[PDB]
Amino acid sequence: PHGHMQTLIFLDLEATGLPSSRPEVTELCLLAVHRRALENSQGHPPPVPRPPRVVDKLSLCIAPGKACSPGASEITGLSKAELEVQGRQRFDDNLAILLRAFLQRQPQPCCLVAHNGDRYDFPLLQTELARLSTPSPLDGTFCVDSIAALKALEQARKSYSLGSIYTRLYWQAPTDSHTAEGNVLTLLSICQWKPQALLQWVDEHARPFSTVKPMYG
């Protein structure tokens, strides 16, 4: 299809609200894993996988343009006030230099992985990038939704939210459901359930991020 994805980038965004509200990103986290590190499961239940030794990790809190919805502030512990008080910058030109440089240290093709990404994280990110005079640093990178991926894996009435899956696989509640990094780590663990099968699935379904259309605007 687009060849074997050499790097998986688990991605999660915290933001000001749900899609209907035209949300802005308050926190982003990327965790780049090499396929090799990934294809590097137990019995029942299997232990929670340890993450690979070799990973690159990025986590940035971000001052949004508009205030957080009350619901989003309670879930994330983030507000427009504090991100600005504490001097967080906008989703600006730099941030894309930063992402660019971070993406630059991953062997291509890179494929972004997000949970409900096709509905939420991907179109959100696209929107936020579109706002920039800078060129997007993701044009060359691919993406895929982990919900689709795990529906297929688990096939070998269920909820497919992040926590429903995680608890189901490992019979443990996820560690941190309130930060971008927490959600990425939970995401990573469900994707390590069947590393072999999943990377195969990711390779078949990888899709260009350039196409992903904006949530809004």
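Just count from 1 along the sequence shown to find any residue number.
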*Indicate whether the chain is continuous between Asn40 and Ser41 or, if not, how many deposited residues are absent from the coordinates: none, 1 to 3, 4 to 9, or 10 or more.*
1 to 3
*Hey, how big is the hole between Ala156 and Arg157 in terms of deposited residues without coordinates: none, 1 to 3, 4 to 9, or 10 or more?*
4 to 9
*Selected stretch [higher average CA B-factor]: 12 to 20 or 191 to 199*: 191 to 199
*asked:* Averaging CA B factors per stretch from the PDB record, which one is higher: 146 to 154 or 180 to 188?
replied: 146 to 154
_Sorting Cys110, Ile75, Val113, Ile97 by Cα temperature factor from the record, which one lands on top?_
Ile97
*Tell me, lowest, middle or highest third: where does the Cα B factor of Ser164 rank within its chain?*
lowest
*Classify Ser69 as lowest, middle or highest third according to the C-alpha B-factor given in the PDB entry, relative to its own chain.*
middle
*Third of chain Cα B-factors occupied by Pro49*: highest
_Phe102 by Cα B-factor - lowest, middle or highest third of the modelled chain_ = middle
*Entry-reported Cα temperature factor of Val33, expressed as the chain third it lands in*: middle
